[PDB]
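File shown: query.pdb. Contents: PDB, C-alpha atoms and all ligand atoms.
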```
ATOM      1  CA  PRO L 566       2.413   5.340 -45.530
ATOM      2  CA  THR L 567       5.754   5.689 -43.726
ATOM      3  CA  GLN L 568       7.871   6.170 -46.810
ATOM      4  CA  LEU L 569       6.603   9.641 -47.711
ATOM      5  CA  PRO L 570       9.263  12.362 -47.777
ATOM      6  CA  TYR L 571       9.408  15.203 -45.300
ATOM      7  CA  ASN L 572      10.089  18.271 -47.373
ATOM      8  CA  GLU L 573      12.208  20.883 -45.660
ATOM      9  CA  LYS L 574      10.189  23.810 -46.982
ATOM     10  CA  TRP L 575       8.372  23.423 -43.668
ATOM     11  CA  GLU L 576      11.534  23.535 -41.585
ATOM     12  CA  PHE L 577      11.405  26.266 -38.923
ATOM     13  CA  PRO L 578      13.908  27.404 -36.239
ATOM     14  CA  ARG L 579      12.853  26.223 -32.780
ATOM     15  CA  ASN L 580      14.631  29.256 -31.342
ATOM     16  CA  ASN L 581      12.080  31.346 -33.155
ATOM     17  CA  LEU L 582       9.368  29.885 -30.939
ATOM     18  CA  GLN L 583       8.242  31.348 -27.622
ATOM     19  CA  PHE L 584       5.963  28.913 -25.802
ATOM     20  CA  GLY L 585       2.831  29.876 -23.916
ATOM     21  CA  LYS L 586       0.387  27.747 -21.939
ATOM     22  CA  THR L 587      -0.321  24.084 -22.624
ATOM     23  CA  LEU L 588      -3.590  23.771 -24.561
ATOM     24  CA  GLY L 589      -3.993  20.029 -24.068
ATOM     25  CA  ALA L 590      -1.914  17.084 -22.891
ATOM     26  CA  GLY L 591      -2.152  13.327 -23.339
ATOM     27  CA  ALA L 592       0.003  10.565 -21.927
ATOM     28  CA  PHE L 593       2.846  10.913 -24.383
ATOM     29  CA  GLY L 594       2.094  14.193 -26.105
ATOM     30  CA  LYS L 595       0.794  17.701 -25.657
ATOM     31  CA  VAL L 596      -0.244  20.756 -27.616
ATOM     32  CA  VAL L 597       1.275  24.022 -26.393
ATOM     33  CA  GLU L 598       0.513  27.563 -27.554
ATOM     34  CA  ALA L 599       3.510  29.458 -28.933
ATOM     35  CA  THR L 600       4.528  32.652 -30.704
ATOM     36  CA  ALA L 601       6.473  32.176 -33.944
ATOM     37  CA  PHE L 602       8.683  34.875 -35.461
ATOM     38  CA  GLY L 603       9.190  35.227 -39.196
ATOM     39  CA  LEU L 604       6.896  32.352 -40.000
ATOM     40  CA  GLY L 605       5.962  31.889 -43.640
ATOM     41  CA  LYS L 606       6.460  33.927 -46.797
ATOM     42  CA  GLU L 607       5.471  37.261 -45.281
ATOM     43  CA  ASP L 608       7.566  36.703 -42.137
ATOM     44  CA  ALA L 609       4.415  36.831 -40.005
ATOM     45  CA  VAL L 610       4.535  36.949 -36.213
ATOM     46  CA  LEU L 611       1.596  34.989 -34.892
ATOM     47  CA  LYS L 612       0.263  32.641 -32.229
ATOM     48  CA  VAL L 613       0.643  28.982 -33.169
ATOM     49  CA  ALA L 614      -0.323  25.635 -31.735
ATOM     50  CA  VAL L 615       2.693  23.378 -31.415
ATOM     51  CA  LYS L 616       2.299  19.619 -31.217
ATOM     52  CA  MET L 617       5.083  17.731 -29.479
ATOM     53  CA  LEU L 618       6.038  14.643 -27.513
ATOM     54  CA  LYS L 619       6.763  14.561 -23.806
ATOM     55  CA  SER L 620       9.823  13.094 -22.079
ATOM     56  CA  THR L 621       7.841   9.920 -21.444
ATOM     57  CA  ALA L 622       7.457   9.280 -25.178
ATOM     58  CA  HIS L 623       9.652   6.696 -26.906
ATOM     59  CA  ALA L 624      10.736   5.948 -30.486
ATOM     60  CA  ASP L 625       7.305   4.509 -31.231
ATOM     61  CA  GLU L 626       5.659   7.858 -30.491
ATOM     62  CA  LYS L 627       8.386   9.687 -32.403
ATOM     63  CA  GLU L 628       7.600   7.734 -35.541
ATOM     64  CA  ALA L 629       3.878   8.508 -35.333
ATOM     65  CA  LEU L 630       4.357  12.250 -34.952
ATOM     66  CA  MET L 631       6.726  12.245 -37.935
ATOM     67  CA  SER L 632       4.284  10.237 -40.069
ATOM     68  CA  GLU L 633       1.453  12.579 -39.166
ATOM     69  CA  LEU L 634       3.726  15.436 -40.239
ATOM     70  CA  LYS L 635       4.495  13.730 -43.549
ATOM     71  CA  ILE L 636       0.771  13.367 -44.208
ATOM     72  CA  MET L 637      -0.111  16.985 -43.398
ATOM     73  CA  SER L 638       2.558  17.971 -45.920
ATOM     74  CA  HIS L 639       1.116  15.590 -48.478
ATOM     75  CA  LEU L 640      -2.536  16.602 -48.070
ATOM     76  CA  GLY L 641      -2.360  20.267 -48.981
ATOM     77  CA  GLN L 642      -4.228  23.163 -47.403
ATOM     78  CA  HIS L 643      -7.895  23.862 -46.870
ATOM     79  CA  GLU L 644      -9.750  26.542 -44.922
ATOM     80  CA  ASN L 645     -11.679  23.917 -42.938
ATOM     81  CA  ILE L 646      -8.917  21.676 -41.661
ATOM     82  CA  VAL L 647      -6.217  22.473 -39.137
ATOM     83  CA  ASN L 648      -3.315  23.443 -41.414
ATOM     84  CA  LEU L 649       0.398  22.704 -41.096
ATOM     85  CA  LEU L 650       2.413  25.900 -40.815
ATOM     86  CA  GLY L 651       5.887  24.495 -40.211
ATOM     87  CA  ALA L 652       7.958  21.872 -38.421
ATOM     88  CA  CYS L 653      11.151  21.519 -36.390
ATOM     89  CA  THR L 654      12.989  18.312 -37.259
ATOM     90  CA  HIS L 655      16.639  19.245 -36.773
ATOM     91  CA  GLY L 656      18.476  19.908 -33.534
ATOM     92  CA  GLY L 657      15.924  18.525 -31.127
ATOM     93  CA  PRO L 658      12.527  16.880 -30.570
ATOM     94  CA  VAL L 659      10.061  16.896 -33.426
ATOM     95  CA  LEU L 660       7.831  19.955 -33.170
ATOM     96  CA  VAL L 661       4.746  20.307 -35.368
ATOM     97  CA  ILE L 662       3.559  23.862 -35.982
ATOM     98  CA  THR L 663      -0.111  24.265 -36.827
ATOM     99  CA  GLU L 664      -2.797  26.945 -36.922
ATOM    100  CA  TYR L 665      -3.983  28.202 -33.525
ATOM    101  CA  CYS L 666      -7.734  28.190 -33.025
ATOM    102  CA  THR L 667      -8.836  30.782 -30.492
ATOM    103  CA  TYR L 668     -12.021  28.998 -29.328
ATOM    104  CA  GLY L 669     -10.619  25.506 -28.895
ATOM    105  CA  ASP L 670     -12.566  22.386 -29.794
ATOM    106  CA  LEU L 671     -16.201  22.611 -30.858
ATOM    107  CA  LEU L 672     -17.520  20.304 -28.140
ATOM    108  CA  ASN L 673     -16.639  22.511 -25.168
ATOM    109  CA  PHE L 674     -17.525  25.630 -27.099
ATOM    110  CA  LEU L 675     -20.996  24.181 -27.680
ATOM    111  CA  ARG L 676     -21.251  23.009 -24.051
ATOM    112  CA  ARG L 677     -20.023  26.276 -22.525
ATOM    113  CA  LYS L 678     -22.160  28.332 -24.932
ATOM    114  CA  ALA L 679     -25.288  26.405 -23.911
ATOM    115  CA  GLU L 680     -24.573  27.119 -20.238
ATOM    116  CA  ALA L 681     -24.224  30.819 -21.030
ATOM    117  CA  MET L 682     -27.585  30.934 -22.763
ATOM    118  CA  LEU L 683     -29.288  29.162 -19.864
ATOM    119  CA  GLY L 684     -27.578  31.674 -17.564
ATOM    120  CA  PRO L 685     -30.252  34.431 -17.151
ATOM    121  CA  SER L 686     -32.707  32.089 -15.406
ATOM    122  CA  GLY L 747     -20.126  36.814 -26.825
ATOM    123  CA  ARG L 748     -23.687  36.662 -28.160
ATOM    124  CA  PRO L 749     -25.966  33.564 -28.124
ATOM    125  CA  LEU L 750     -26.020  30.849 -30.785
ATOM    126  CA  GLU L 751     -28.770  30.622 -33.384
ATOM    127  CA  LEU L 752     -29.709  27.750 -35.700
ATOM    128  CA  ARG L 753     -27.743  29.373 -38.527
ATOM    129  CA  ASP L 754     -24.578  28.978 -36.433
ATOM    130  CA  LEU L 755     -24.935  25.195 -36.134
ATOM    131  CA  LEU L 756     -25.683  24.884 -39.836
ATOM    132  CA  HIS L 757     -22.535  26.858 -40.646
ATOM    133  CA  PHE L 758     -20.413  24.755 -38.270
ATOM    134  CA  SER L 759     -21.850  21.522 -39.699
ATOM    135  CA  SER L 760     -21.448  22.833 -43.250
ATOM    136  CA  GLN L 761     -17.788  23.742 -42.693
ATOM    137  CA  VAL L 762     -16.632  20.413 -41.294
ATOM    138  CA  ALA L 763     -18.282  18.844 -44.349
ATOM    139  CA  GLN L 764     -16.209  21.030 -46.693
ATOM    140  CA  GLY L 765     -13.182  20.001 -44.671
ATOM    141  CA  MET L 766     -13.981  16.301 -44.684
ATOM    142  CA  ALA L 767     -14.783  16.533 -48.374
ATOM    143  CA  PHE L 768     -11.275  17.892 -48.882
ATOM    144  CA  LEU L 769      -9.651  14.889 -47.197
ATOM    145  CA  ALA L 770     -11.854  12.481 -49.165
ATOM    146  CA  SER L 771     -10.546  14.015 -52.390
ATOM    147  CA  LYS L 772      -7.081  13.093 -51.169
ATOM    148  CA  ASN L 773      -7.975   9.472 -50.374
ATOM    149  CA  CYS L 774      -7.425  10.470 -46.766
ATOM    150  CA  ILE L 775      -9.154   8.788 -43.824
ATOM    151  CA  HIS L 776      -9.528  10.538 -40.478
ATOM    152  CA  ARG L 777     -10.706   7.543 -38.391
ATOM    153  CA  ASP L 778     -11.740   9.780 -35.442
ATOM    154  CA  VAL L 779     -14.323  12.307 -36.628
ATOM    155  CA  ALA L 780     -15.908  14.021 -33.607
ATOM    156  CA  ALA L 781     -16.613  17.459 -32.140
ATOM    157  CA  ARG L 782     -13.643  17.193 -29.773
ATOM    158  CA  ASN L 783     -11.390  17.117 -32.852
ATOM    159  CA  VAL L 784     -13.055  20.060 -34.572
ATOM    160  CA  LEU L 785     -11.523  23.446 -33.777
ATOM    161  CA  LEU L 786     -12.862  27.003 -33.925
ATOM    162  CA  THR L 787     -10.751  29.960 -35.044
ATOM    163  CA  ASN L 788     -11.601  33.641 -35.134
ATOM    164  CA  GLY L 789     -14.823  34.352 -36.979
ATOM    165  CA  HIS L 790     -15.962  31.023 -35.541
ATOM    166  CA  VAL L 791     -14.711  28.988 -38.504
ATOM    167  CA  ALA L 792     -14.626  25.229 -37.912
ATOM    168  CA  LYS L 793     -11.526  23.203 -38.716
ATOM    169  CA  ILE L 794     -11.206  19.438 -38.494
ATOM    170  CA  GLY L 795      -8.121  18.275 -36.579
ATOM    171  CA  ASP L 796      -6.805  15.365 -34.513
ATOM    172  CA  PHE L 797      -5.470  15.807 -30.961
ATOM    173  CA  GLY L 798      -4.192  12.232 -31.079
ATOM    174  CA  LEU L 799      -1.180  12.036 -28.768
ATOM    175  CA  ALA L 800      -2.294  15.301 -27.117
ATOM    176  CA  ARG L 801      -5.481  13.705 -25.787
ATOM    177  CA  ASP L 802      -5.606  11.740 -22.557
ATOM    178  CA  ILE L 803      -7.511   8.793 -24.017
ATOM    179  CA  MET L 804      -6.315   6.525 -21.216
ATOM    180  CA  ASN L 805      -8.776   8.292 -18.925
ATOM    181  CA  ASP L 806     -11.235   9.426 -21.577
ATOM    182  CA  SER L 807     -14.582   7.657 -21.290
ATOM    183  CA  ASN L 808     -15.392   8.442 -24.929
ATOM    184  CA  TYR L 809     -12.661   5.937 -25.714
ATOM    185  CA  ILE L 810     -13.739   2.374 -24.957
ATOM    186  CA  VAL L 811     -11.306  -0.509 -24.427
ATOM    187  CA  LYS L 812     -11.912  -3.017 -27.210
ATOM    188  CA  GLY L 813      -9.195  -5.664 -27.267
ATOM    189  CA  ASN L 814      -5.734  -4.130 -27.546
ATOM    190  CA  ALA L 815      -6.872  -0.724 -28.761
ATOM    191  CA  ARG L 816      -8.845   2.116 -27.190
ATOM    192  CA  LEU L 817     -11.476   3.260 -29.670
ATOM    193  CA  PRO L 818     -14.169   5.982 -29.856
ATOM    194  CA  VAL L 819     -16.773   3.233 -30.301
ATOM    195  CA  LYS L 820     -19.883   5.437 -30.246
ATOM    196  CA  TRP L 821     -18.638   7.280 -33.327
ATOM    197  CA  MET L 822     -17.697   4.164 -35.300
ATOM    198  CA  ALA L 823     -19.387   2.563 -38.300
ATOM    199  CA  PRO L 824     -20.446  -1.061 -37.747
ATOM    200  CA  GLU L 825     -17.941  -2.333 -40.301
ATOM    201  CA  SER L 826     -15.181  -0.528 -38.386
ATOM    202  CA  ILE L 827     -16.116  -2.114 -35.082
ATOM    203  CA  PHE L 828     -16.569  -5.694 -36.318
ATOM    204  CA  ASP L 829     -14.537  -6.063 -39.501
ATOM    205  CA  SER L 830     -12.000  -3.392 -38.483
ATOM    206  CA  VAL L 831     -12.585  -1.690 -41.827
ATOM    207  CA  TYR L 832     -11.989   2.038 -42.305
ATOM    208  CA  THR L 833     -13.124   3.886 -45.421
ATOM    209  CA  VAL L 834     -14.316   7.364 -46.267
ATOM    210  CA  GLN L 835     -17.825   5.990 -45.720
ATOM    211  CA  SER L 836     -16.926   4.889 -42.198
ATOM    212  CA  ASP L 837     -15.886   8.502 -41.729
ATOM    213  CA  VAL L 838     -19.250   9.595 -43.085
ATOM    214  CA  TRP L 839     -20.913   7.500 -40.399
ATOM    215  CA  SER L 840     -18.833   9.221 -37.738
ATOM    216  CA  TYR L 841     -19.862  12.540 -39.243
ATOM    217  CA  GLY L 842     -23.479  11.574 -38.619
ATOM    218  CA  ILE L 843     -22.645  11.190 -34.940
ATOM    219  CA  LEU L 844     -20.937  14.566 -35.219
ATOM    220  CA  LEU L 845     -24.128  16.259 -36.492
ATOM    221  CA  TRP L 846     -25.862  14.754 -33.473
ATOM    222  CA  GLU L 847     -23.367  16.324 -31.069
ATOM    223  CA  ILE L 848     -23.859  19.710 -32.680
ATOM    224  CA  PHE L 849     -27.659  19.748 -32.648
ATOM    225  CA  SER L 850     -27.789  18.472 -29.096
ATOM    226  CA  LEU L 851     -25.334  21.210 -28.146
ATOM    227  CA  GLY L 852     -22.765  18.691 -26.943
ATOM    228  CA  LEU L 853     -24.608  15.735 -25.425
ATOM    229  CA  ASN L 854     -22.881  12.370 -25.312
ATOM    230  CA  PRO L 855     -23.893   9.955 -28.108
ATOM    231  CA  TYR L 856     -26.111   7.051 -27.002
ATOM    232  CA  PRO L 857     -26.468   8.749 -23.592
ATOM    233  CA  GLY L 858     -26.689   6.478 -20.562
ATOM    234  CA  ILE L 859     -25.996   3.399 -22.652
ATOM    235  CA  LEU L 860     -23.104   1.165 -21.624
ATOM    236  CA  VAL L 861     -20.963  -0.154 -24.467
ATOM    237  CA  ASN L 862     -21.459  -3.890 -24.240
ATOM    238  CA  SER L 863     -22.527  -6.898 -26.294
ATOM    239  CA  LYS L 864     -26.063  -5.541 -26.396
ATOM    240  CA  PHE L 865     -24.829  -2.199 -27.722
ATOM    241  CA  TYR L 866     -22.842  -3.812 -30.511
ATOM    242  CA  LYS L 867     -25.831  -5.946 -31.515
ATOM    243  CA  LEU L 868     -28.088  -2.897 -31.500
ATOM    244  CA  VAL L 869     -25.915  -0.874 -33.849
ATOM    245  CA  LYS L 870     -25.509  -3.893 -36.107
ATOM    246  CA  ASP L 871     -29.306  -4.268 -36.262
ATOM    247  CA  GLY L 872     -29.950  -0.657 -37.279
ATOM    248  CA  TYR L 873     -30.411   1.043 -33.922
ATOM    249  CA  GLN L 874     -30.102   4.802 -34.375
ATOM    250  CA  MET L 875     -30.272   7.657 -31.906
ATOM    251  CA  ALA L 876     -33.398   9.781 -31.660
ATOM    252  CA  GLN L 877     -33.746  13.236 -33.176
ATOM    253  CA  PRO L 878     -31.758  15.839 -31.193
ATOM    254  CA  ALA L 879     -33.582  18.775 -29.606
ATOM    255  CA  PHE L 880     -32.322  21.387 -32.043
ATOM    256  CA  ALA L 881     -32.192  19.531 -35.351
ATOM    257  CA  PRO L 882     -34.687  20.381 -38.089
ATOM    258  CA  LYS L 883     -36.175  17.153 -39.433
ATOM    259  CA  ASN L 884     -34.242  17.387 -42.693
ATOM    260  CA  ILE L 885     -30.978  17.591 -40.703
ATOM    261  CA  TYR L 886     -31.901  14.548 -38.639
ATOM    262  CA  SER L 887     -32.820  12.979 -41.966
ATOM    263  CA  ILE L 888     -29.258  13.487 -43.126
ATOM    264  CA  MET L 889     -27.997  11.980 -39.845
ATOM    265  CA  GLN L 890     -29.997   8.838 -40.618
ATOM    266  CA  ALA L 891     -28.525   8.670 -44.120
ATOM    267  CA  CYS L 892     -25.016   8.741 -42.638
ATOM    268  CA  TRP L 893     -26.054   5.794 -40.496
ATOM    269  CA  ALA L 894     -26.955   3.556 -43.426
ATOM    270  CA  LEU L 895     -25.817   0.055 -42.487
ATOM    271  CA  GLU L 896     -24.499  -0.216 -46.040
ATOM    272  CA  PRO L 897     -21.361   1.970 -46.491
ATOM    273  CA  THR L 898     -22.055   2.687 -50.174
ATOM    274  CA  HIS L 899     -25.608   3.837 -49.447
ATOM    275  CA  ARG L 900     -24.327   6.701 -47.236
ATOM    276  CA  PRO L 901     -23.933  10.190 -48.768
ATOM    277  CA  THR L 902     -20.671  11.564 -50.110
ATOM    278  CA  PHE L 903     -19.151  14.470 -48.169
ATOM    279  CA  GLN L 904     -19.662  16.647 -51.224
ATOM    280  CA  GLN L 905     -23.341  15.754 -51.220
ATOM    281  CA  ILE L 906     -23.526  16.712 -47.574
ATOM    282  CA  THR L 907     -21.597  19.914 -48.217
ATOM    283  CA  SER L 908     -23.786  21.265 -51.021
ATOM    284  CA  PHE L 909     -26.918  20.471 -49.049
ATOM    285  CA  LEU L 910     -25.644  22.076 -45.851
ATOM    286  CA  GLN L 911     -24.241  25.099 -47.690
ATOM    287  CA  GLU L 912     -27.760  25.692 -49.025
ATOM    288  CA  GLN L 913     -29.349  25.466 -45.579
ATOM    289  CA  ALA L 914     -26.846  27.892 -44.064
TER     290      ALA L 914
HETATM  291  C1  LIG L1001      -6.969  23.807 -27.734
HETATM  292  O1  LIG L1001      -6.887  25.127 -28.201
HETATM  293  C2  LIG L1001      -6.393  25.138 -29.438
HETATM  294  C3  LIG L1001      -6.149  26.193 -30.277
HETATM  295  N1  LIG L1001      -5.637  26.105 -31.510
HETATM  296  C4  LIG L1001      -5.372  24.858 -31.870
HETATM  297  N2  LIG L1001      -4.863  24.484 -33.063
HETATM  298  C5  LIG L1001      -4.735  23.140 -33.095
HETATM  299  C6  LIG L1001      -5.172  22.626 -31.906
HETATM  300  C7  LIG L1001      -5.215  21.207 -31.476
HETATM  301  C8  LIG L1001      -4.566  20.475 -32.590
HETATM  302  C9  LIG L1001      -3.237  20.645 -32.870
HETATM  303  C10 LIG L1001      -2.662  19.968 -33.916
HETATM  304  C11 LIG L1001      -3.429  19.123 -34.670
HETATM  305  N3  LIG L1001      -2.830  18.459 -35.701
HETATM  306  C12 LIG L1001      -3.133  17.074 -35.879
HETATM  307  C13 LIG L1001      -3.922  16.971 -37.130
HETATM  308  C14 LIG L1001      -3.972  15.779 -37.826
HETATM  309  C15 LIG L1001      -4.710  15.692 -38.993
HETATM  310  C16 LIG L1001      -5.403  16.786 -39.471
HETATM  311  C17 LIG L1001      -6.184  16.666 -40.714
HETATM  312  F1  LIG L1001      -6.251  15.432 -41.188
HETATM  313  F2  LIG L1001      -7.448  17.025 -40.614
HETATM  314  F3  LIG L1001      -5.727  17.405 -41.713
HETATM  315  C18 LIG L1001      -5.346  17.977 -38.769
HETATM  316  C19 LIG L1001      -4.609  18.072 -37.598
HETATM  317  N4  LIG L1001      -4.720  18.940 -34.408
HETATM  318  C20 LIG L1001      -5.255  19.616 -33.393
HETATM  319  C21 LIG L1001      -5.576  23.731 -31.134
HETATM  320  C22 LIG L1001      -6.104  23.879 -29.864
END
```

Represent the structure contained in this file as structure tokens.
Ligand SMILES: COc1cnc2[nH]cc(Cc3ccc(NCc4ccc(C(F)(F)F)cc4)nc3)c2c1
Amino acid sequence: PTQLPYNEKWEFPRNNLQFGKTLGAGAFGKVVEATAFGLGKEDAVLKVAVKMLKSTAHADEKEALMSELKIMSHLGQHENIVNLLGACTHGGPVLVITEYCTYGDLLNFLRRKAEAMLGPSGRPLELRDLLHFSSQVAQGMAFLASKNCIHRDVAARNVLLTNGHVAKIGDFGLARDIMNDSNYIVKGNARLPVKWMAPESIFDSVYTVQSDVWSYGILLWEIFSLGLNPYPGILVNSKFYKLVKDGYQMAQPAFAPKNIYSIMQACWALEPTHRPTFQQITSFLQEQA
């Protein structure tokens, strides 16, 4: 968990990085765009996303970034996650070099796309596009699940779009301003994305792959509503916790076929083991796309 080894195959020279604009910034971290020179086997020169701490960060934050790095090394690579390209551990602050995704997170892309289509009164989205997006994050999640890996924050804001509009699951983490983010509710000590959480996660503080499958259900909802907020208009309070515990589910989104909303409902099984596996979801979605 903390005792994994950082392999130095990933080690990259920070002086071979030319930084661009900041892509996102949290309290104690940020993601900045950069150009790396001689990166990888083929000595590629490409645009990367670099994840780093700010000056405000302390040893606590340093440890987390390192651990995250150790995990990304452990996991392996898959087309539908945000891959680790390299890391700078020596001679300065820890820098994490990952794939750069031209279109940013899925949530804004969906929201800004929808506005463009409404406009008249790139090209517009069609139902195939949402199926593909949904499909791809399933392949990605299914990859983690094969590694006994738990994301604990599945949502459209942490799903990124590269060229060709290929979806990759990531985690902004320190690079997200969750202190002022209303999608993150203050429960006790922690700030949690409550509306995406399985009931067992909220109450028993239990996180499994199946709790991630629940969160994926919420994700499908975001996609087929073109970026609406989950449980819209509903304040997170005692009533809201009771409702979820008693099997309250959102209504069908405007753009979901009934079989897609059916799969949303299966993700929201109150019993964790009754929810689908990510592979099940993948093969079904692949077929629809
Ligand atoms: C905004 O415009 C962009 C453009 N390209 C981009 N590439 C990566 C990000 C944001 C980002 C940067 C790094 C990162 N890494 C954290 C992480 C943790 C865990 C995984 C995992 F588990 F899915 F493998 C992936 C990524 N996750 C997300 C980005 C933002």

Size and centre in Å, one decimal, axis-aligned box, all listed ligand LIG 1001 (chain L) atoms plus 8 Å per side, as AutoDock Vina command-line options:
```
--center_x -5.1 --center_y 20.8 --center_z -34.7 --size_x 20.8 --size_y 26.8 --size_z 30.0
```

query: Which value, in Å to one decimal, gives the distance between atom CA of residue 618 of chain L and atom CA of residue 595 of chain L?
result: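 These atoms are spaced 6.3 Å apart.
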
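Between atom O1 of ligand LIG 1001 (chain L) and atom CA of residue 766 of chain L the separation is 20.0 Å.
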
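Residue selection for this entry, given the PyMOL selection byres (((chain L and resi 808-821) around 7) and not hetatm), comprises residues 803, 806, 807, 822, 823, 840, 843 and 855 of chain L.
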
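With distances restricted to all atoms listed in the file, L:782 is the closest residue to residue 847 of chain L from L:757, L:883, L:782, L:870.
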
- request: Please identify the residues whose atoms come within 8 Å of ligand LIG 1001 (chain L), using all atoms listed in the file, and report them as a ChimeraX atom specification.
  value: /L:588-589,596,598,613-616,633,636-637,640,646-649,661-670,765-766,769,774-776,783-787,793-798,800

- prompt: Which residues, protein or nucleic acid, reach to within 12 Å of (8.1, 34.1, -24.0) in the file's coordinates when using all atoms listed in the file, and can you give that as a list in words?
  reply: residues 580, 581, 582, 583, 584, 585, 586, 598, 599, 600, 601, 602 and 612 of chain L
